[PDB]
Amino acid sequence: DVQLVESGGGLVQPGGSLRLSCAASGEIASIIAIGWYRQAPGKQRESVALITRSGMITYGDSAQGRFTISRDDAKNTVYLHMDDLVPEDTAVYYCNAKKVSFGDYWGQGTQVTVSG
């Protein structure tokens, strides 16, 4: 079992920036990738950004060079830096951790709302 704790959601204005973090605990050695998915209103969950144990970074289509993902391997925390935000980024952001075998680990979800 691994456990994911999310923080850093909330209200932000268009053009501004937000940070999400996610800390993982437990069977850390089994994690090969960690990152984030998002689900906007009325839309299916889409992958946003992952970073693999080898350090490779992979972005979904919503990144568009505005989102950056980094990883503190010491404090086993991953970070999502989101800037140049628009109203259409309003959605629930879920931390996600992957292992080699079937079945992922998910966080509880954190609301991000972009509006004036």
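Note that residue numbering follows the sequence shown and begins at 1.
Taking the PDB entry as given, 70 to 78 carries the higher mean Cα B factor of the two stretches 32 to 40 and 70 to 78. In the deposited entry, the Cα temperature factor of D61 places it in the highest third of its chain's modelled residues. Among the modelled residues of the chain, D89 sits in the lowest third by CA temperature factor in this PDB entry.
Sort the chain's modelled residues by C-alpha temperature factor and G16 lands in the middle third, per the entry. Among all modelled residues in this chain, the alpha-carbon of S101 has a temperature factor (C-alpha) in the lowest third.
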